[PDB]
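# Close look at the chain arrangement
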Amino acid sequence: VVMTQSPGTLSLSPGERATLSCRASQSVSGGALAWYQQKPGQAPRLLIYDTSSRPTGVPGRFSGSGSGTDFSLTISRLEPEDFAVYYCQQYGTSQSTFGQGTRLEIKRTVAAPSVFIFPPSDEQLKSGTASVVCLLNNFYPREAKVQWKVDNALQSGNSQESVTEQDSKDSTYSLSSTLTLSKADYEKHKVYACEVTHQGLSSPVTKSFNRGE
Amino acid sequence: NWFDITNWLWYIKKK
Amino acid sequence: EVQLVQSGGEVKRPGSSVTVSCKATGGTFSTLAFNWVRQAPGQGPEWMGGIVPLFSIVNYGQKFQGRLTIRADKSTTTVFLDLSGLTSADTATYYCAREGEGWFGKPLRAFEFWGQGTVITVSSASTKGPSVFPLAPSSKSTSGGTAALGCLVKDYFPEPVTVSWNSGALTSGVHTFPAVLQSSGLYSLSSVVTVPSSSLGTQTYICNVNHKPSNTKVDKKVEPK
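For each chain, numbering restarts from 1 and follows the sequence as written, which can differ from how the entry numbers it; residues lacking coordinates are not listed. As they are written, the chains are lettered A onward and the ligands numbered 1 onward, keeping that order. Only heavy atoms go into the side-chain values, all of them from the structure, while hydrogens and water stay out. Residues with missing side-chain atoms are left out of burial classes, side-chain pairs and their counts.

Method of determination, as annotated in the archive: X-ray crystallography, at 3.416 Å resolution.

All names here are of chain A. Start and end points for every domain follow an automatic or database-based domain assignment. If you check the domain split of chain A, you get domain 1 (1-108) and domain 2 (109-213). On a C-alpha basis, the centroid separation for the pair domain 1 and domain 2 is 36 Å. In what follows, residue pairs with any heavy atoms lying within 4.5 Å of each other are defined as contacts. With seven residues of domain 1 in contact, the opposing surface of domain 2 contributes 11 residues. Each reported salt bridge corresponds to a side-chain nitrogen of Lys or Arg within 4 Å of a carboxyl oxygen of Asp or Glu. A salt bridge links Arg103 to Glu165; its shortest N-O distance comes to 3.6 Å. Any N or O atom pair separated by 3.5 Å or less is treated as a polar contact, with the protein-specific requirement of one donor-capable and one acceptor-capable atom, and with residues adjacent in sequence counted only for side-chain atom pairs. Across the contact surface, domain 1 and domain 2 share seven residue pairs in polar contact. A per-element tally of the side of domain 1 that touches domain 2 places strand β10 (residues 102-106) first, with three residues. Polar here means any residue outside two lists: the nonpolar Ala, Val, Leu, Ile, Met, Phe, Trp, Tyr, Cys and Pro, and the charged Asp, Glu, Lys and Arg; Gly therefore counts as polar. Its residues assigned to classes, the side of domain 1 that touches domain 2 comprises two nonpolar, one polar and four charged. Strands here mean DSSP runs of E at least two residues long; helices mean DSSP runs of H or I at least four residues long; both are numbered from the N terminus.

So, about the pairing of strand β14 (residues 146-156) of chain C. Each regular strand displays side chains that alternate between the two surfaces of the sheet. All names here are of chain C. The buried fraction of β14 is high, at 10 of 11 residues. The sheet contact formed by strand β13 (residues 131-135) and β14 spans five bridges and is antiparallel. Bridge pairing links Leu135 to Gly150 in β14. Here, a strand pair is defined by DSSP locating no fewer than two bridges between the strands. Alignment of β14 against strand β18 (residues 187-196), held across 10 bridges, turns out to be antiparallel. The residue of β18 that forms the bridge with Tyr156 is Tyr187. Burial classes: relative accessible area under 20% of the type maximum marks a residue as buried, over 50% as exposed, and values in between as partly exposed (1.4 Å probe, protein chains only).

As structure tokens, this is what we get:
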């Protein structure tokens, strides 16, 4: 049985009403459906068991519903601590399965990322490698496309990205994309650029530097 | 289902 | 208190076998089902198996059969997880969860109590400290605006690395990104901070990188170009 949660990411406001869906590939016997909440760095917390029953300690704003192959978790009033990842788990058969999860994040105004490009340092250059770091500071939403251009040549497969968690104060995300090269390949070229495409940007913003200027 | 096994013992032990 | 205390984190080589413990204290043990659920970096939980300690009735996931062994010790109230033939796809956090009790302790099957987790890093790479390289603030920063600087914590094994700024005095505007696993098998992360441009020439910014597995403490000063 394959569990599929919906949507992938739910962007709502604090105090609004939240509804998360869980769809099973086949019928779940006896209503054996559970809803777990998980915050980054912690073990999941059981919010709902047996489709609709609620364990002691879970506030009344969480309520489960559904039957057969369609299930739904409902948070009547979203509190500050109710934004996290939610997983639905079936356990009617001998082989329990979880869902891919739903990311319940905070909705806010669209903010453009502040883009900063950093060339490799000389101390790193004398070691044999070169890392060019592009930074997208404080933006919303978190979907952003970063593209590296070494003398107008599109790079692919030599850059890694990582995004921070949603900030607890401004609900913004920060992204970091590092381009790793050898010193030889780094000195074979001059212009290094990282162009960013985001919703809060009218045109893709390119931050570049010439090697040695 | 194995997840229900602990329930049987719960019933049988209770009665 | 119903507490589940697991064993410490471990670094295992590919093909070896690992054993994770789970001390259950303050609740029913024999007639309640324990479960082992792992979670890869950046992914969701995945149920692996379970056991009923009374008669050692185990239930293994079809994916992990032939490679999994869950055991129970009723004398010491402990649940174990033996996983052989470790691969890179087994590097995750392993949680031991006990089901919940309802009216008259009715086994609710769903997992209510969880342990603190056991981080298993399945990699051969030797324990190495990180090389800290400065992300200097650009010389073209906005005159009277905001500047950005940071440190690049590159090539270290294993996790984790704790990064602070000015020994912990500077906290505002600091972003320490989650580490990424490079192709070389080593980890790497970046820690940036945004400061007023009018303080780049006077204020001294120092990033503090601390790696416990390598006993490495590096202090790196970031200054403009």
